[PDB]
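Before any questions on how it binds or moves, here is one chain, the form deposited in one PDB entry, in structure tokens.
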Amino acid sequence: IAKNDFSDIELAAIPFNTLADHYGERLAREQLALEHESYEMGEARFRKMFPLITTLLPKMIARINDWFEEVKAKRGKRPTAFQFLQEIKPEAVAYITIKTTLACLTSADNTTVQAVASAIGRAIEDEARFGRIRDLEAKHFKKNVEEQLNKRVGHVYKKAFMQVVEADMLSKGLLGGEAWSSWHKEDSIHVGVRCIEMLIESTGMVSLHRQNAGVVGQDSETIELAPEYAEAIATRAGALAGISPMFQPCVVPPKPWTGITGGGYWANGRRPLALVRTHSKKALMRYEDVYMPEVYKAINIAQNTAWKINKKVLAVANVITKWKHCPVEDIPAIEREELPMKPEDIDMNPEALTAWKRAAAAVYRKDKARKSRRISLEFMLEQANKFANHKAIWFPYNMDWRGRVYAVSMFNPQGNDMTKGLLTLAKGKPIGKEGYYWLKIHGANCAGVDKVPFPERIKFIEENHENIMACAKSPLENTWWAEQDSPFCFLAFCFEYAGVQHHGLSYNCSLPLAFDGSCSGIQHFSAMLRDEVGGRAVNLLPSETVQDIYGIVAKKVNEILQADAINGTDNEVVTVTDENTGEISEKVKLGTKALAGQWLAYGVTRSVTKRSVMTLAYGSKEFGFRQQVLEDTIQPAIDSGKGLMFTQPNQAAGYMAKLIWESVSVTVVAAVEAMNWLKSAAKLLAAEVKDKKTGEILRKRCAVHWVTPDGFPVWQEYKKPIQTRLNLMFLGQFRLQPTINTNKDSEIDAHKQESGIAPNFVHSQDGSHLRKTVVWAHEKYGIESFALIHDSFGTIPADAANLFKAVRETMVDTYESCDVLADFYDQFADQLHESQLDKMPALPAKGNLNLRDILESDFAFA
């Protein structure tokens, strides 16, 4: 390991020496400096900005040590937070916070004082340790190198995109150790809060508020950034200038993996990376000794995927985002969102002010979301304008306990349209014909044209030619590209399809082409049992037409809608003539007879029968569809004036769900049956056992354990947290008692462990198929670039073909020699359950559909 081997005096030397060694030197320094950028503000970097962080940063810095006095002078006990806040350079303590705080804020969802603090406290610890190493490394990567100019130049402009090396030369000094927080979540809270606390005193940046008090279930405290700053983030460009996510790209090939920790970043002065983001220590420790070469090589290749900033897009990106009315509504405007003032009168509770409590909160619920999506945008935009030039930039990868592959950089190619459109590769090659074709294809996919045969897609392109004959020239005028489902990503194409015609099929192209199936997981299910209609629905079959699984269930459910629209039942009795009004909720259970008549009045298309579908891969039944169909289509409908027919909503919601669950239950029959099967295994395999009365017991609730195709092990270990609260006199005002979970539990939550065993095993696959994919595709068709998004594996226009094919070749080959369902069993037959065994088997019946029919499946790429 790193430590125990050499004294910290040099642990910060090896990384730099080795770095400067390959690649270059100029780029070597900027690297660890960059990595450092996620801990403390550059003394020089700062003096260079001569606008926003500039103001907040110092005010905070001061307050930090300034607070250390107030505490040092006082007698009595000292605020715990302090106890470990002192031995830490304040110039960092402040910086972390701002960012880390601004970071969390970018989450329109969880902004609860819990999260932030977690996020802050973590970093602080991430600096508490690696203290000197984080510093001494600087004094080191500061001094020049050992002579040499030529080879020290950095790359000699040699356009060859330097490739990383191997564990060989890799000095044992560059590894990883305990990448898990050593502090107790309890204390980690004291720190952040206190940080936050002092961030408030110093800078008013963000304020804390009591969200929906007295609400025993939805009661919590969150921090909402102050307007001032918010306002100077939509207008004042580069506002977050010096602000950079605690994780940024790299302008050099990343440090290859070979262990549970020790990858992505080089700088041994920071926090190590976890190959598998495990919600625990032990879980990750299991992954130590695995002997799973296929897993590593896979990620190693993905990580070594060089990226370039789409200089053209950016050019317009940061431009329009500052327009009062941007052609992209997906962009949080800069204008202020008013609201319907008090409804004429004042003291009334009919349906006006009664519903006003929910007719006015929309703005109080949206002003919070906008600021989110905006703070986010400004982030991706800074990094862009930041690396805009950088020759090449890599993204480090990680994977959840399930396998799925995530990029570590917050500015990952796995983000929104803006973000993706602003990315591209570099090792491109003269697209040629094969590519040009798919290029025009990718244009359509993005153009929202994914419901038709390729021939009709390409057609779509040639048809809208002149539509681009000016879009790529003066987009600032050609507001057409900003209409397609993904304008940004589309534009990127508009800029290629334009030049490809200015240079010919010789026109090199680095733009990655995206390939996404019809409905992942559901595709894999129909693959491990061969659901005849299943694959045919998830387009997995060599169909001649685009089978919209979502749309089939529409007409399908629509069919049953006409049924109950003729007979069904009838408006059941109210709830009047009774004893003493025991239950007056809904004085009419209505009937399926009039229900269909309401739906047929709304339309019911693929829309409604959408979410409820995919979600099925996560565990969505008729119970769940109620809420979905409601808030997704019913609830909002009426909250817009329409939906004037839905007299009793909740009921109608129970109606469609009903219809829905049916329509699919018989379609993707394999999926459900499979899940129910899985969902059945866990239970009697998760819940402990006892004995013939008395009380004695034997088998202890074993943690889910099985192995993926490529070899990636995995455990569910869905333990049950043991929470508690703290007492914190926040800002000498009140007492903030945080309810937090203790990262030292041991108990396990069966229930969940159950409802999750199935839906997880899914991704585990469609996330494992992927690895094998890229690997095979690497050695098979010598591929290097991969713009994969869990199920959207992409590559250069020329590597399209090999990819488009390779995916199948794996999906098949894999679910062929391998038997997920079966294998899983063998993974516990004896290891897990002992006696009984029975009243649980009932293997799922297989279907007749040779997987080779996939190698030719035109659609359903994934």
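One-based numbering along the sequence shown. Basically, rigid core = biggest C-alpha set you can superpose within 1.5 Å across the two forms.
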Missing-residue flag, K683, threshold a third of other entries: no
Coordinates lacking for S207, a third or more of other entries: no
Chain break class at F50/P51 - deposited residues not modelled: 10 or more
Of 829-837 and 58-66, the stretch whose C-alpha atoms average the higher B-factor in the entry: 829-837
Of 284-292 and 95-103, the one with larger mean CA B-factor: 284-292
Candidate set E201, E344, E224, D400 [ranked by C-alpha B-factor, highest]: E344
Largest Cα B-factor, entry values, listed residues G767, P649, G711, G177: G177
Third assignment of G428 from its chain's C-alpha B-factors: middle
B-factor third for the C-alpha atom of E30 within its chain: middle
Third of chain Cα B-factors occupied by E125: lowest
Lowest, middle or highest third - CA B-factor, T814: highest
Lowest, middle or highest third - CA B-factor, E37: lowest
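The form deposited in another entry is left out here; the points below concern that form.
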Listed options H502, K433, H465, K357; Cα moving by 2 angstroms or more between the shown form and the other one (core superposition): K357
C-alpha of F454 off by 2 Å or more between the shown form and the other one on rigid core: no
Core fit, then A28 C-alpha moves 2 Å or more between the shown form and the other one: yes
Shift of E91 between the shown form and the other one at or above 2 Å (CA, core fit): yes
Inter-Cα distance between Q836 and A750 in the other form, nearer or further [3 Å or more]: closer
